[PDB]
Structures are given as structure tokens and as C-alpha cells.
Amino acid sequence: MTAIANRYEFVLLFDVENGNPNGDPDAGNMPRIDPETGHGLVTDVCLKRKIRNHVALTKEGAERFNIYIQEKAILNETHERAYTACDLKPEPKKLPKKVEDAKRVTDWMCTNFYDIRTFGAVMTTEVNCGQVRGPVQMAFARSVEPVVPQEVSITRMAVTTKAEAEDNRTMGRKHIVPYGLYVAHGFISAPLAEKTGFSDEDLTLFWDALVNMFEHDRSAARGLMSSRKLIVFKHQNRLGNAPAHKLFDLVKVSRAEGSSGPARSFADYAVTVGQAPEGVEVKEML
Amino acid sequence: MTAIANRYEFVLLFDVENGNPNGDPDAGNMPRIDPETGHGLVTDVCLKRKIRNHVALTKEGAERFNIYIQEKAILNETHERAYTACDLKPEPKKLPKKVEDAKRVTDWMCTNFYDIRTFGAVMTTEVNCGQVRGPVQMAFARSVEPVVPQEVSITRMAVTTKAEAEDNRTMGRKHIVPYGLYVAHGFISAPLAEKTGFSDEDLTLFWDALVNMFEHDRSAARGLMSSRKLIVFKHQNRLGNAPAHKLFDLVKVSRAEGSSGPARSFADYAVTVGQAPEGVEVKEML
Amino acid sequence: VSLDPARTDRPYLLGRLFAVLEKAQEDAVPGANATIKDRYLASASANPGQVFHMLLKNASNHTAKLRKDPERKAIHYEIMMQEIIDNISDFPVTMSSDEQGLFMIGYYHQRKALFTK
Amino acid sequence: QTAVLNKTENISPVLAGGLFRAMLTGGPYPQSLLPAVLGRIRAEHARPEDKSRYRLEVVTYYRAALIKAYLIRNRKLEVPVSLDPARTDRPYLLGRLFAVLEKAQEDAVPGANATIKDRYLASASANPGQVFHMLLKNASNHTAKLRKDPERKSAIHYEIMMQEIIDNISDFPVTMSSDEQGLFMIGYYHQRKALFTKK
DNA sequence: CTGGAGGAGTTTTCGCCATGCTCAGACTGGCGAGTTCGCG
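Residue numbers (full-length UniProt numbering), protein chains in the order written: chain E, 1 to 166, 171 to 290; chain S, 1 to 166, 171 to 290; chain V, 489 to 561, 564 to 607; chain Z, 409 to 561, 563 to 608.
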């Protein structure tokens, strides 16, 4: 699984409209926000789940394309399979001595799980199998402008469990965001890839997953969400040729001169891309 | 239960005259609005309720078309029916810890109830039958222009209780919208239908219900409401060939030549549809 | 914050005008069982274009009584009305909710001033 | 007090730990406290059927104390221990005004089932600019009834309050943040106690 | 060429509980006083 040979970085944009992009487990189910300024947030963990789902849907369990964090699975059982395949006994919270190097089981897992090969995992549980760091990383997403969530009240004409106190009604409430625009950042490193074999076809599949991510995620709460832009910076050698923060500065988002009042559609904003240094090439059509 | 084999998108239009399309329980009983721009709103659950009512009225409890009767029902007493039919004994809060029988109850529910087969539900109550996601989804309906509610005063000849006024005895209130036009979006997913068994005849019944939704919904406060247009986009393979937001843009609505300020009839607007990409089929005669 | 005679927001001016008209009526017919505030307050704030042409008639009708007495208190109201209307251009046919809130604010600001020393 | 139903079974572990930690150490409170209390305030609807004939209050002593503490510590504001007639903060002023409106209504129509507190508490705090005009309009009907009373009961007093309070406002805001809603609740609580407290 | 061993690295034995509800009202309260310009 020949590894890539360059450093990559990218930017992504996506929308939301009359929906809840990511609910907060604590504050009822309010959308996550920054209490100091009112800007919205989305945890990176949320996106990786969508990518995993898309890969599982499109490849349908093809060999060397399984996913490790599967719905309601038991992880320790999966670890034990590696020992069975490589045919050596496990030990409680310990790895085999290098006579049959643990690299055997490590490779056996990295070779046939896509998500482990891409993001890494923590696997030093009672049945120990080591650790991985993952050559792909991404940070929290934030909205360009503050958002104003609002709450909705609804009713149902049925009851669940022997509400004898009434046969009668019941009510609940839900929260939504009228409109919002978000930005995200990510990185890819070659040296880490060389330890796991992250290859080019994987990268193409990754681009496709990013582009088509949301089209399969409709639900009663998400409303309408879509992706809008994708810009990729590629370095010309194994180690970069410019600081990251300089590159991200080349992309600027501002409100259309004619728009006024609160934003309500992507047409209210304007996007512009600058000129990159000599050592990097900017490709955008994605 | 042979599932459909394509992806669908659709748009619906309808308007109201001298009525309240949907009241807000948390602000007197005014129509729902967007507080920042004055555009009206209607929750999807209202349309779902109307569709359920129409289906129940037209089919009349035929086999495999039970509507999961919602008016004054107790749900756990319905789940226990699935448990007993499969000959299982429900656990205090868990599905049977035996995979085959665990899905048998869920399959039984999905088979018998139409609305479960179409929209899904949550059944993880004290007696547990699982979860469902539902192939069909809809978003909030939004008006094309700001609306201006009017408030009207009412009187009455009598009193309800022991009030010592002693003739005229009481006064009331109403809210109505002189006129407005709304738009709705929706989606249908093939992979989920392949899980629940949503079939074509169900799709035909769904089209019919959408067309004839309001005919049976006359009421004192509703006024007059009706549907005007319906456009359907049918993709040519199991997974789409274009983003949805591009498709929704092919439909445009604007004032006719004789704008003449306030709009008071459907004749005051003009509707047009563009040309769809080669990978999508557009049919509008519905 | 208090009455600002230079704001020039049309709902604000309408609110002030309503208060001065009510004051004039109260002066003209003491102890009336019913007052314009009870009869019209709801209607005027929503659709100014429909009722003000009526209120202004009774305004003159009331001022006629006062100006016909030795009670000279009675061109003050006419002067105030001239000042306030001087900034208006037309009567709105309908108004939004926030505009109605501003109307009420202007009314209350105006009313307080009339009762100062 | 913050449980869904007033029962210990529903207490969130995060708050359980965080409150104790902050108490011992003096650090900031958990950030989820304020929305947690606000949800309970905005969701509850007590009814006369309760044993106590007078209907239950939802803005209780404990909740107000909690909101005051949270605002003082995390947000670095200032709050008095009782009504202060020289505050001049828009949320505070609106909270004050709501109380006098309710007082006038309940005097005009004794024994009503549905007071304005039962129908407008949430939206008014959330979107003041959308509802207040109706409340003001109804206040006219409520006050006029008292005026025609042979005794005139109040009528002048309430109008004097309404005039003096309003004089410090310029416009109704369209939307408010959480802390603004907390200030609104505090203002409502203080004013309520100011009444009923001459004798 | 073999030894003895000092030091580096790995394995074994150690001993092995607890914290406990509560509970209720007020009150009733009257603003102030005002003047318009003027030829060919």
C-alpha cells in the first residue's frame, strides 16, 4: 500500500437551513455555541462519523474496507481476532514479546480496516494491541457570523405509559437554526502515512466522501444541509514549503455588498481566493 | 416487500385565504412567523398529520394499512401486541436478548403499520421494539413574502359559569392571514426503503394523498386552503446524479406583470421551471 | 431618556399626536364615561390611515368650545399640533409589530410631559 | 430544584460534581447551569387543581438565588439584593413592567384561569418586540374598568408606575441572550415583592 | 580459556467492606394650567 509523498491541506464550506446541525447532550438539545460571542460550533467527531457511514454505504463491506467502530459492537472481541489470525495467544493487558512481534497483529489490523488506517485508534484494552496516531486530522468548525437559535413547541395526541392521571395530550419542544455558514480545516502528513500505507486511491475516495457526504444524511431534525466549496493546497516535496496559517489566510469570506440585514442564503456572501507562494499549487474545481 | 430503486425529490405549493394555517401555542395563538423577517412558517408534523388522516379515511383499516392509531391511544399496549404475536415475553426495558426474535417483532410492526413503514418512529419504551428512521422526510414550509396578520374582535350572548355581571356577556378574539403562498421540499431514500420494504403502490398512494390533502380538513378557523403545483425529480440510478440544491434552483416564483401591490390571488404570481441535467428526469403534470 | 422633540420617527410622532388629542378631549368634556382611548386605541395603532381623519374632526369640535370661552389654554393645542404634524408626510396604511411598539413608546413619552409643572 | 420533576432521580451527575467543586474551590460554575434552570422555568405550567388554592409560583426563591450567583460569578455583573429603582437596564426594566401588567389584570378580572403569565412568559422574554404591543393594548381595557368604579379603587397609581418606568426605554429589542433573560427574571422577581409590601 | 561477579533486567509477594425526609403570604395606592404674523 504505497504511501503518498506530499503534504496536503484543505478548506471546506457547508450550509444549514432550519435545522439543528449538532445538538448538545447537556443543555437540553440546544445547538452548540460559544457563550461569549454567540458563534456556532460543530465537533470534528461528528464529521468523521458521516465519512465512515458514506464509506460503509458505498463499498458495502468489500475486503480491506471494513470499519472498526461499528454500530453497537464489542471491541475486545475484534482485538482477539487479530491474535487468532496471526495465531498466538493473548495476555491480560500485555502485548506479545517480540519473538512473534506485535507488529504482526498491528499490520494485520492496519491492513484491513479503513478507518483505523486513516484516523488511528486507541487499542490498549484488556486485550492489548497497541496504538496508532492517524495521518489525517481536522479541527472544530466555526460559523463566520453569530447565530440566533430559536425554539419551537409542538403537541402529540397520544400518551405512552399508563398516564392514569388523565387518553389525553402531551407536548414537547424542539430547537432550530434559521441559517448559518461554517468553515473547517484539515491536514495530511506523509511521514505518518508511510507507517500505515495510506495510498492514493484512499485519498481519491476521501475527496469523494467529502464532496458527497451530506446527501445520505437526511433526518427529521437536520433540515437541509449541503457543501459549497473545497480548496486543496498541495506541497511540492515531502515536507512543506510555507506555514499553514499563511495559506488559510488566502481564503476570505465577506458579505455581498448589496445584502443587508440578517443573512438567509448563500447568495448573501462572497468568496475569494488569493495567490499562493511558489512552492505550493492551489487546485479548486473540487 | 419490494423496495423502490431510485432517488426522488419534489416540491409542493399551496396557499390560504382568511385563515390561520398553523397557530403558535407559546404566543397566544398567532400564526408561526420568523421574528426577524416576517415570513410565515408551518411545521412538517402538521402535513404529516394531514396525510395520516387522509390515508385512514380512504383505506378504512384494510390489512397492512393500520395507521398506528394516534388519537387517544396508548402505545405500549400496541407494542405488547407485537410481543405476544411473536410469542415472546417482553422484558422490563430491553429487546429480547436473542437476535432473531429481536427483529421479528420489529419486522411485524413494520409490516402491519403503514405510517411506521413510511415515516418511522421511536419504540424504546418500557416494552422495547427498536428504532426506525423512515425513508420519507420533509422540511419546514416557508412563505414567499412577508405576511401581515389581522386581529378581529368577537362577542357572545352567554356566560359559562357563575359570573355576577347581572344582555351582552363576553368578548373574544381571532387572528387571520388575508393571503399567503408557501413552498415545501422533500426527499426519498432508496437504501432505507430497502430496509423497511416501502413499495411502489405506497408511493402512488402517497402522491394521491399529497394531491388531495386539504379536501377533508375544513374547519372553523382554517378558512380555505388548497394545493396548486407539484414537481417531481426522479434520478436514474440508486444514488443521485446531482446535488439537490441545484435541482431546487430550477423552480422560480415571482410576481406577474400586474403586481398592483398587495397579492390576493394565485393569479398574481408566475411560476417557471428550468431544464434538468441529463441524469435526472423531471415530470410536472402531477 | 425622555421626550425627544427631534426624533422624527413617524410612529413616534403619531404616538405623540394621539396623546395630545386625548388631552384636548379630556379638557373639553370633563368626566366623560367613554374616551377616545377606549374607543379607538386598538384600531389606530394598527391602521393609522383609517381613523385619524375622524379623530381630527372631533379635535376641532372640542377646541371650538374652549376658544369660545374666556379660557385661554385655547391655541396652545393648535400650536402643538402644528409643530408635530410639521414633520409628517403621509399616513401609513398599515404598520408592523415593532412599529406599533414604537408608537406606544412615543405615546407614553408624550403623556408624561403634559403633566409636568 | 433543577430536576425535570422535583425528584432526586433526575439530577445530572455533571452538575452534582461541578457545583460541589466550585463551592469548595471558588472557581467558575458549570456553564450548563443557566440554561438548565431556564428550561425548567419556561416549561412548567402549574394549575389551580393543586391543593394550595393559590396557584403555584414558578420563579421561586431558590432559582432566583441561583441565577444571581451565576451572573455575579461568571459574567461579572452587579445585582442588588432587592428592588433598585435606579437601575435603567432594558431587561431589568421589562421584567419590572411585566409585574405591574399582571397585577393590573388580576385586579380587573378576579379569579381568571388564564393570566398573561400563563400565555406570554416565554415569548415575551425571548422576543420582546413581538408581543408587548398586545399586552399594552389590553392594559387599557383592564385599567379603564377600575376608573369607572365608584371608588376608583389603584387606577392612577398603576398608570403612574407605567409612565415612570417606561421613561427610561427607547425601543423594544428584537432578541435577547440567555443572561439577558436572567436579568429579566430577576427584575420580575424583585418588582413582584415590592408590591404586597406596604402593610 | 576459563572463572567469579557486578550490574542490568525480569518475576513474586505483599493484603485485601460501610453514611441520613420534612414545611407557607402579603396590597388596595388621585399628575397641571399655555399664545401665532402683517403694503405698495
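Just so it is clear, CB atoms sit at the ideal spot from N, CA and C, and this is done for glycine as well.
Item checked: Residue from Z:589, Z:597, Z:511 with nearest C-alpha to residue 485 of chain Z -> Working through the fourth sequence from its first residue, we reach residue 485 of chain Z at position 77. Comparing Cα positions, the closest option is Z:589.
Note to self: Three or more C-beta pairs under 8 Å: does that hold for the region 575-595 of chain V against the region 525-542 of chain Z?
What the structure shows: Yes, the region 575-595 of chain V is in contact with the region 525-542 of chain Z.
Note to self: Nearest by alpha-carbon distance to residue 585 of chain V: which of V:560, V:532, V:544 is it?
What the structure shows: The sequence position of residue 585 of chain V within the third sequence is 95, counting from 1. Measuring from the Cα of residue 585 of chain V, the nearest candidate turns out to be V:532.
Margin query: Quick check on DSSP: helix, strand or coil for residue 113 of chain E?
Written below: Counted from its first residue, the first sequence places residue 113 of chain E at position 113. In the structure shown, residue 113 of chain E sits in a strand (DSSP, three-state: E or B).
Next item on the list: Give the secondary structure of residue 234 of chain E by DSSP, where H, G and I count as helix, E and B as strand, and everything else as coil.
Entry: The residue you call residue 234 of chain E lines up with position 230 of the first sequence. If DSSP states are grouped into helix, strand and coil, residue 234 of chain E belongs with the strands.
Check: When the Cα of residue 22 of chain E is compared with those of E:46, E:118, E:28, which residue comes out closest?
Finding: Working through the first sequence from its first residue, we reach residue 22 of chain E at position 22. That would be E:46, whose Cα lies nearest to the Cα of residue 22 of chain E.
Next item on the list: Write down every uninterrupted run of the beta strand (DSSP E) in the region 34-105 of chain E whose length is 3 residues or greater and which is fully enclosed by it, in chain order.
Entry: Listed in chain order, nothing qualifies, since the region 34-105 of chain E has no complete beta strand (DSSP E) run of 3 or more residues.
Checklist line | Straight-line Cα distance separating residue 506 of chain V from residue 264 of chain E | finding: What you label residue 264 of chain E is simply residue 260 of the first sequence in a count that begins at 1. What you label residue 506 of chain V is simply residue 18 of the third sequence in a count that begins at 1. Rounded to the nearest angstrom, the gap between the Cα atoms of residue 264 of chain E and residue 506 of chain V is 33 Å.
Check: Which word fits residue 498 of chain V, buried or exposed, when buried means at least 16 other C-beta atoms lie within 10 angstroms of its C-beta?
Finding: Looking up residue 498 of chain V in the third sequence gives position 10. Residue 498 of chain V is buried by the Cβ-count criterion.
Next item on the list: Put residue 581 of chain V into one of helix, strand or coil per three-state DSSP.
Entry: Here the question's residue 581 of chain V lines up with position 91 in the third sequence. DSSP, reduced to helix, strand and coil, places residue 581 of chain V outside both helices and strands of the structure shown, so it counts as coil.
Check: Which of the three DSSP states, helix, strand or coil, is assigned to residue 165 of chain S?
Finding: Counting from one through the second sequence, the residue named residue 165 of chain S turns up at place 165. Residue 165 of chain S sits in coil when the DSSP states are folded into three classes, being neither helix nor strand.
Checklist line | Own chain, CB closer than 7 Å to residue 254 of chain E, minus 5 neighbours either side, in chain order | finding: Looking up residue 254 of chain E in the first sequence gives position 250. Correct list, in chain order: 277, 278, 280.
Item checked: Own chain, CB closer than 8 Å to residue 201 of chain E, minus 5 neighbours either side, in chain order -> For the purposes of this step, residue 201 of chain E is taken as the residue at position 197 of the first sequence. These residues qualify, in order along the chain: 1, 2, 3, 110, 111, 117.
Note to self: If you reduce the DSSP assignment to three classes, tell me which class residue 242 of chain E lands in.
What the structure shows: Residue numbering aside, residue 242 of chain E sits at position 238 when the first sequence is read from its first letter. Three-state DSSP puts residue 242 of chain E in coil, outside helix and strand.
Notebook entry, point to check: Do residue 509 of chain Z and residue 524 of chain Z have their C-beta atoms within less than 9 Å of each other?
Noted result: Position 101 of the fourth sequence, counted from the start, is the residue given in the question as residue 509 of chain Z. Position 116 of the fourth sequence, counted from the start, is the residue given in the question as residue 524 of chain Z. Contact flag set, yes.
Next item on the list: Report all residues from its chain with a CB closer than 8 Å to the CB of residue 262 of chain S; omit the five preceding and five following residues, and keep chain order.
Entry: As a first step, residue 262 of chain S is located in the second sequence; it is residue number 258 there, counting from the start. The residues 272, in chain order, have a CB closer than 8 Å to that of residue 262 of chain S in the same chain once the five nearest residues on each side in sequence are set aside.
Item checked: Per-residue DSSP class, three states only, for residue 268 of chain E -> Numbered from its first residue, the first sequence carries residue 268 of chain E at position 264. Three-state DSSP puts residue 268 of chain E in coil, outside helix and strand.
Next item on the list: Taking only beta-carbon positions, decide if residue 538 of chain V is within less than 9 Å of chain Z.
Entry: Mapped onto the third sequence, residue 538 of chain V falls at position 50. Not a single C-beta of chain Z is nearer than 9 Å to the C-beta of residue 538 of chain V.
Next item on the list: Please say whether residue 36 of chain S and residue 292 of chain E have beta carbons closer to each other than 9 Å?
Entry: Nothing can be reported for residue 292 of chain E: it is not among the residues displayed for chain E, which extend from 1 to 290.
Note to self: Under 9 Å, CB to CB, which of the residues in the region 147-161 of chain E have a partner in chain S?
What the structure shows: Along the region 147-161 of chain E, the positions whose C-beta sits under 9 Å from a C-beta of chain S are 148, 150, 151, 152, 153, 154, 155, 156, 157, 158, 159, 160, 161, read in chain order.
Next item on the list: Since I believe residue 258 of chain S is in contact with residue 274 of chain S (beta carbons under 8 Å), could you give me their beta-carbon distance rounded to a whole number of angstroms?
Entry: Counting from one through the second sequence, the residue named residue 274 of chain S turns up at place 270. Counting from one through the second sequence, the residue named residue 258 of chain S turns up at place 254. Going by Cβ atoms, the distance from residue 274 of chain S to residue 258 of chain S rounds to 6 Å, so yes, they are a contact pair.
Next item on the list: Could you please give the first and the last residue of the uninterrupted beta strand (DSSP E) stretch that includes residue 18 of chain E?
Entry: For the purposes of this step, residue 18 of chain E is taken as the residue at position 18 of the first sequence. That run of the beta strand (DSSP E) goes 8-19.
Next item on the list: Using DSSP bridges, identify the partner residues of residue 128 of chain E.
Entry: In the first sequence, residue 128 of chain E corresponds to position 128, counting from 1. By DSSP's assignment, residue 128 of chain E forms a beta bridge with E:124.
Margin query: By the DSSP assignment, the beta strand (DSSP E) with residue 143 of chain E in it spans what residues?
Written below: Indexing the first sequence from 1 puts residue 143 of chain E at position 143. Counting along the chain, the unbroken beta strand (DSSP E) around residue 143 of chain E starts and ends at 141-143.
Next item on the list: Could you work out which residues of chain E lie near residue 513 of chain Z, taking near to mean beta carbons separated by less than 7 Å?
Entry: Indexing the fourth sequence from 1 puts residue 513 of chain Z at position 105. Under the 7 Å cutoff, chain E gives no residues; its nearest Cβ is about 23 Å from residue 513 of chain Z.
Note to self: Using CA atoms only, rank isn't needed, just tell me which of Z:409, Z:431, Z:593, Z:478 is closest to residue 505 of chain Z.
What the structure shows: In the fourth sequence, residue 505 of chain Z corresponds to position 97, counting from 1. Checking every option, the nearest Cα to that of residue 505 of chain Z belongs to Z:593.
Item checked: Own chain, CB closer than 7 Å to residue 487 of chain Z, minus 5 neighbours either side, in chain order -> Taking the first residue of the fourth sequence as 1, we reach residue 487 of chain Z at position 79. Around residue 487 of chain Z: 476, 479, 480, 595.
Margin query: What does the Cβ neighbour count give for residue 551 of chain V, buried or exposed, with the cut at 16 atoms within 10 Å?
Written below: Numbered from its first residue, the third sequence carries residue 551 of chain V at position 63. Its Cβ being crowded by 16 or more others within 10 Å, residue 551 of chain V is buried.
Next item on the list: Could you say which of S:198, S:235, S:182 lies nearest to residue 188 of chain S if we only look at CA atoms?
Entry: Reading the second sequence from its first residue, position 184 is the one you call residue 188 of chain S. Closest option to residue 188 of chain S, Cα to Cα, is S:235.
Notebook entry, point to check: Got a sec, what are the start and stop residues for the alpha helix (DSSP H) residue 572 of chain V sits in?
Noted result: Translated into the one-based positions of the third sequence, residue 572 of chain V becomes position 82. From DSSP, the alpha helix (DSSP H) with residue 572 of chain V extends over 566-575.
Item checked: Selection from E:226, E:124, E:283, E:191 that minimises the alpha carbon distance to residue 19 of chain E -> Numbered from 1 along the first sequence, position 19 holds the residue referred to as residue 19 of chain E. That would be E:226, whose Cα lies nearest to the Cα of residue 19 of chain E.
Next item on the list: Give every residue of the same chain whose Cβ lies closer than 6 Å to the Cβ of residue 426 of chain Z, excluding the five residues on either side of it in the sequence, and list them in chain order.
Entry: Within the fourth sequence, numbered from 1, the residue matching residue 426 of chain Z stands at position 18. The beta carbon of residue 426 of chain Z sits closer than 6 Å to those of 438, all from its chain and outside the five residues before and after it, given in chain order.
Note to self: Alpha carbons only, please: which of Z:447, Z:434, Z:581 is nearest the one belonging to residue 497 of chain Z?
What the structure shows: For this step, residue 497 of chain Z is matched to residue 89 along the fourth sequence. Checking every option, the nearest Cα to that of residue 497 of chain Z belongs to Z:581.
Check: Given a threshold of 16 other Cβ atoms within 10 Å of its Cβ, counted over all protein chains shown, does residue 559 of chain V qualify as buried or as exposed?
Finding: Mapped onto the third sequence, residue 559 of chain V falls at position 71. With fewer than 16 other Cβ atoms within 10 Å, it is exposed.
Next item on the list: May I ask whether a heavy atom of the ligand PLP can be found less than 8 Å away from the beta carbon of residue 145 of chain S?
Entry: Absent from the structure shown: the ligand PLP. Ligands present: none.
Next item on the list: Name, please, each residue of chain Z whose Cβ falls closer than 8 Å to the Cβ of residue 590 of chain V.
Entry: Residue 590 of chain V sits at position 100 when you count from the first residue of the third sequence. By Cβ distance, chain Z contributes 541.
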